[PDB]
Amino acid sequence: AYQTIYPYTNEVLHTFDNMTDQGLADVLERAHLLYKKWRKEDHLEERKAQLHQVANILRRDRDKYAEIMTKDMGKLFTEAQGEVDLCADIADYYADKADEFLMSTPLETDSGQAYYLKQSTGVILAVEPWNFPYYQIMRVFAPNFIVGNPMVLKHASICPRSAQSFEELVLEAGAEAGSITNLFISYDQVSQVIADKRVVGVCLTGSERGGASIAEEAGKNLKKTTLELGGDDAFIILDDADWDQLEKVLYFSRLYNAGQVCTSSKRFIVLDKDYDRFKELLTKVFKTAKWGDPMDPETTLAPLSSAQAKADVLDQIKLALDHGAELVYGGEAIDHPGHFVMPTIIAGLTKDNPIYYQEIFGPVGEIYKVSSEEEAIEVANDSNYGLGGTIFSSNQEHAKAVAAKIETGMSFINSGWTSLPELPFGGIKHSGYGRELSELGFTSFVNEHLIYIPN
């Protein structure tokens, strides 16, 4: 069921009715007709103006949109405002790069004249998670809206108000009905949408289980897909790391959004000589956390998104300890109605311990000890994920060399994760395939139409 249940009080705020089969059919036909309209007639200029208007409205009513996310999945109101700003940046970026990104591409050949057009393909289905209600949508809506692919959205069950308000936001900006439509549907209906001839692609962000189910259904129907899955990013601290700068990013690196970030710095990798120093520094940092009302500007740690999320993180901590891990800090239950989990630090992780290979979507620092840089690289790559990662070193060329050896899609030098409109986002292995954002994400669902005239 689609419901808004405030993670801070655990009170049901809204309950939405699921979309009917007839409604779904009407939505797909409307989207398909809109696709044909944009395919036969050039309406790019209008879409550009509309996307800029989406950005204007977000600026103006930022606090309202920020509060909706907080009440939906519990993130700090201040973090929610930051999320809105990034959405404004993404919307404006694609509106500005439109003409450039859609330009035809000349091809070098001495046999004749050749180039390819970048054309739209059809209706795109987007399946998104709750950790960044607006950002997850905008990452794919903005580029596809500009190319001309109408979109249908299946958002997470716990952030229906965010999903619904995004659709209303685009309609308010003046976009034609059908540009994007939220779908309060079940898993079976999602299968029907993917099997619908009017839908030409699927982009999903979420868990491996959901990804495997959606990709399997898409493959059976010959629909292209892009998958953005979990991560268990390695944060590697080399011997020449600047610890003054290190202390400044630690809180953000693992406790931002209460650790519910695919690119969170889940696995800290430190050298023997810095091991004790780091355990003490991370503990000092985690101790500054102040949990409570996410709407209060003083709160610096939000409650997890749901009761189930809290239960899973707590069980993972228990599992780690039961298999030999060492409890460095926290691990103490928080007495409060909200889904709170206190910052916790575990170490003494070994390959025979299950948690060594598991992603923990919570405020849990994990410390891995290595004796050399080569050992650091080995541990970083001994993972089923390959999304992000950080290399901390005062020597830029050194950091760049080590980063290249990490089997992952993204490497952040001397900093936790960052996402910007101009930077491609995506990974490898179980983190998925394909990319979102930049010009790379822009063409995921565009048809490169070759035009060839031989001499």
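Just count from 1 along the sequence shown to find any residue number.
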{"item": "Residue range whose averaged C-alpha B-factor is higher in the record, 237 to 245 or 251 to 259", "value": "237 to 245"}
{"item": "Between 205 to 213 and 90 to 98 (mean CA B-factor, as deposited), the higher", "value": "205 to 213"}
{"item": "Highest-ranked of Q119, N131, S111, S264 once sorted by CA temperature factor in the record", "value": "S111"}
{"item": "Residue with maximal Cα B-factor (values as given in the PDB entry) among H32, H52, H398, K429", "value": "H398"}
{"item": "Position of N56 among the chain's modelled residues by C-alpha B-factor, lowest, middle or highest third", "value": "middle"}
{"item": "Chain third (lowest, middle, highest) by recorded CA B-factor, residue given as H323", "value": "highest"}
{"item": "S438 - which third its CA temperature factor falls in, relative to the rest of the chain", "value": "lowest"}
{"item": "Cα B factor band for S393 (lowest, middle or highest third within the chain)", "value": "highest"}
{"item": "Chain third (lowest, middle, highest) by recorded CA B-factor, residue given as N353", "value": "highest"}
